[PDB]
């Protein structure tokens, strides 16, 4: 695979496909990418930082199980009595399976950074005119093991979320689609923006994806890493309509169920795209790219 040569400089094996330790070099570029994104934040944008876990009930309510039940990572633990837990440990000692004593917690590993923001916003009452804007981030998890450096199970996502009337949201995504390309261009990156769909699970879900592409609810900034026929989505631009407004009972300033949308940056994909394009020697990066990043 075309990205495999970047591994030695960027990553250390942690014994599981899609889960890597990050070198100082790699993390320095993720950090500069994050600062660059921050510097383009719209005014009036509330910034929240989420942990890698979130409420299972909140995610269930958000419909994630209808869409991607095969990607969800759930948090489980030994919740029994001391005797039960000791027996579990005993089976382990004997070289057997202690994991049969596991049961679900009330937590999942967050599959996307924006999910926890909707209930938070909803607890505030009706939206002001012009809706609300959030800057969110989280380490996310998706259960899709791969050896490819651009398909991870654990990865940083960064999002700007807009909640408001349909105009606030559409205008928001319009601004960001343009702005994101200007950013990619200043990063010396090769890309195009195209209609996409989320990978909905099952045959039913295959049709949801078709209707999603047809309604143009999802765009991706696509970057040729391994091949130009098979480029990698490093950003997405998402229109959710009233889905979250309805679910969480968020009202826009006109009494109506709020629309929501988000602009998502795959921090690790962007960082890998940067190293693939410009190499692992920062002193050699183009002057304009070094400048844009504040190197």
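Positions refer to the first chain, counted from 1. In this text, the rigid core denotes the largest set of C-alpha atoms whose superposition between the two forms falls within 1.5 Å.
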- prompt: Do the Cα atoms of 183-191 stray more than those of 90-98 in 8 other deposited structures of this protein, or is it the other way round, with the core held fixed?
  reply: 90-98
statement: Higher of the two mean Cα B-factors (242-250, 31-39; per PDB record) comes from 242-250
message: Quick check on the record: does 224-232 or 258-266 carry the larger mean Cα temperature factor?
response: 224-232
message: Out of 110, 215, 103, 154, whose C-alpha atom has the biggest B factor in the entry?
response: 215
query: Which is it among 143, 79, 158, 133: the one with the largest CA B-factor in the entry?
result: 79
- line: residue 115: C-alpha B-factor third of its chain, per the entry, is the lowest
- request: Could you say whether, by C-alpha temperature factor, residue 66 belongs to the lowest, middle or highest third of its chain?
  value: highest
- prompt: Lowest, middle or highest third: where is residue 73 by C-alpha B factor in its chain?
  reply: lowest
task: For residue 150, return the chain-relative third of its C-alpha B-factor as stated in the PDB record: lowest, middle or highest.
output: middle
task: Among all modelled residues of this chain, ranked by Cα B factor, put residue 137 in the bottom, middle or top third, i.e. lowest, middle or highest.
output: lowest
